[PDB]
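Here the structure is laid out as structure tokens; the discussion comes afterwards.
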Amino acid sequence: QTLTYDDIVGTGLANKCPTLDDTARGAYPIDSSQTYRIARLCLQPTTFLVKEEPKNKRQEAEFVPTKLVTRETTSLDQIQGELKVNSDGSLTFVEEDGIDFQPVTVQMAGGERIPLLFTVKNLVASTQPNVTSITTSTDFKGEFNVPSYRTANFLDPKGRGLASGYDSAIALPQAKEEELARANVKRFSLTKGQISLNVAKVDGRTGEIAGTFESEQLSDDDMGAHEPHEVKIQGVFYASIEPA
Amino acid sequence: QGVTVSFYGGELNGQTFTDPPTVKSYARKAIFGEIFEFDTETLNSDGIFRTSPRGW
Amino acid sequence: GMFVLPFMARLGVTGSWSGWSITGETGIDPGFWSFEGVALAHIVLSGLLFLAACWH
Amino acid sequence: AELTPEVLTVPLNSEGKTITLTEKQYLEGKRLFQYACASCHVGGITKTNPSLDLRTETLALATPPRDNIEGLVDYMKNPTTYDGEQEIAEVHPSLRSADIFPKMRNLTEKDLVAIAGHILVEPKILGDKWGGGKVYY
Amino acid sequence: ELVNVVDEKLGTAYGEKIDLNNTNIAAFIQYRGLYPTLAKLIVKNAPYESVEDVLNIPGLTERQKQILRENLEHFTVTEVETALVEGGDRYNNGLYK
Amino acid sequence: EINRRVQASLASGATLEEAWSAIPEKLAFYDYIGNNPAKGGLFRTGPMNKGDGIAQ
Ligand code: CLA
Ligand code: HEC
Ligand SMILES: CC1=C(/C=C/C(C)=C/C=C/C(C)=C/C=C/C=C(C)/C=C/C=C(C)/C=C/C2=C(C)CCCC2(C)C)C(C)(C)CCC1
Ligand SMILES: CC1=C(/C=C/C(C)=C/C=C/C(C)=C/C=C/C=C(C)/C=C/C=C(C)/C=C/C2=C(C)CCCC2(C)C)C(C)(C)CCC1
């Protein structure tokens, strides 16, 4: 029943996390003497929400739902790392390597596109203490780093960039520079994002866990040219616990 | 290369600059020749060279 | 300075194809009869009346 | 300018004995370099790894030095990484991998000397063009 | 104010020496015996609080430590510049020939 | 001509501040590419002051 690439290709299932059947309400014993690792952490986002900025300071600044425009390019998959068992009984996922970032663009009402680097780069995420078995009440809370959406070689349409490019607006050779400084000086942001993985299904036999996530992070700031928005990402996850 | 700029005569006479953004900015002005202070505000000057009546 | 927008809103047309509504609510779908769809319907009607004017 | 003996005189070994190639030797080396090496090394660069070129100063800092004839001939027999630490014949053309790189099969020692001479003479001819890439075209 | 951090880092010892915390891996070609094997280990085990911390890399042969000792006068260490290490840019900074 | 006058002053014991402060502003202004009649544009309309600004 296991699928091949020619079955999957062009169906959109390659952007999906694997699922566990409804029957898998079991529990996975964490032997404290044995080490563990994560063979594959998948995260499939379903809902991207962006917080508006009402120009008033006060008011109800809630998260509005957006429309994805960059198609089924969104999931993080093949993420590996060590699942430590701590002293106090809690499990901490340290993220090592994988496809741990996807550029995503969503669009608000009015047509404003919001680019974001949807990521869990360098995710440290820990459970609660005294969890001797991963059950359906386990919650991996943690934080990750959000690097700049473009890296340092990226050139703007006027040829300006951080590690490459012009340092000024060459089409305006005698303009005053201080009003153009926020566009002329490219700045590499590095911010933090928070994520909570809630387990809903456990394969007690194999060691496959699945559930839902909620992730909060900043969107792209266009290398410092504008303020980033606050993004809330919701979706499903899948993790397979191999003992190491 | 530790590049500095010193000005002699004119408005910045005797002044020396060493911070690399400030030194680079006068170097981008020095490609045009002698460096002048302009009032760009009265005419909403766009910063883009125009020809003279000799050109027109 | 909106003049025809309230006349559309008075009779039911409140949403735009770009996703907003005039009451400011989020995430509702107007169907064809958005503000743009009204405007498109009037333009098409204008052209059809022009052709009928030529014929008559 | 002419292709004199002084142009055609390159180091033979690491000690410092020189070899003055013939114009027939240099022209045969250019033909065999085009035949066997220029698909990756056109102009002295390396298309599949631009970090390592064929400039004389770069071959000098290779381990063992490849900035003489015998160093280049040994590389064409048993190529290494730039520190000499790995043997890379299974991914680089050589005499010892002529079964997987079949253009290396009928290469003589006279052919390997001639290719090695072309690699050494050409930057003396072209200057920074050799190993420079598109900037110097 | 706003500053180009890459332009600023050329004002430090990064602009003169190979910076073990920041410099792209291909700059280890400039000296004999560092590339690829020692260059790979140096970038992998970055950051370092001093140049001499490069000799503490676990698994080095005594020949590998001697080569590093001959090249410490070409090395430096500065703070990790995130604009230089992100995007995998120490292994491929987008520059070829 | 600017460099000639500076060297004539510097040969006579003027300092570098004194040699360059003796150059007239009108002469330094001609040695600036924004006064070149070949730097303009066909649709860059108006006075040269509309470009770089009014020289102060
Ligand atoms: C010999 C002709 C001539 C020249 C060289 C000048 C020169 C000047 N004028 Mg003056 N001017 C002139 C006659 C002239 N003027 C005339 C006849 C009038 C009355 C309209 C004026 C009224 C006038 C005003 C009100 C102003 C000037 C200004 C200026 C200065 C700026 C010029 C500029 O920006 O033009 C820009 C030139 C163009 C954008 C080129 C026009 C190209 C045309 C539209 C293309 C035509 C294409 C054609 C239709 C295609 C045909 C195809 C067909 C055959 C098939 C410059 C010193 C300005 C100034 O600074 O004064 C202080 C200013 O404010 N002029
Ligand atoms: C591409 C498919 C190549 C062909 C054909 C040839 N070479 Fe090459 N060469 C290639 C690579 C990828 C590398 C780098 C290997 C590594 O260290 O990772 C090289 C390297 C060399 C060198 C060393 C350069 C230095 O700086 O020390 C030399 C001297 C060299 N290659 C010579 C050479 C010759 C003579 C060839 C024709 C027979 C030839 N190469 C073929 C890629 C390819
Ligand atoms: C500038 C300006 C402005 C604007 C204006 C406008 C916008 C206007 C327009 C207007 C218009 C837009 C109008 C039009 C008109 C039209 C008409 C008047 C028509 C007529 C027609 C006819 C005559 C027809 C004929 C015919 C035909 C064709 C066919 C069939 C038959 C017949 C015969 C019927 C404003 C005020 C804002 C401000 C100030 C300035
Ligand atoms: C139902 C409905 C509706 C309504 C609609 C309407 C309102 C319609 C209209 C319609 C119309 C309004 C029509 C018209 C038509 C027209 C035509 C059909 C015309 C044609 C013409 C012709 C054919 C002509 C020709 C010519 C010319 C052009 C020139 C000269 C010559 C001649 C004469 C030949 C609505 C939307 C509300 C809703 C839904 C339902």
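The residues of chain D that appear here are 27-163 by Swiss-Prot count, in order.
Cβ from N, Cα, C; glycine included.
Record features (Swiss-Prot):
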type    : residues                            : note
BINDING : D:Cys63, D:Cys66, D:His67, D:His118 : heme c binding site
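Distribution of Swiss-Prot features across the structure.
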residue	record	contacts (Cβ under 8 Å, 6+ apart)
D:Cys63	heme c binding site	D:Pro119, D:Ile141
D:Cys66	heme c binding site	D:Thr72, D:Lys73, D:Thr74
D:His67	heme c binding site	D:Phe59, D:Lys73, D:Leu80
D:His118	heme c binding site	D:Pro105, D:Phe127
* To do: Name the secondary structure element type, per DSSP in three states, that contains D:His67 (heme c binding site).
  => helix
* To do: Check the binding-site residues D:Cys63, D:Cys66, D:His67, D:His118 for any whose Cβ is under 6 angstroms from an atom of ligand 4, and report them in sequence order.
  => none
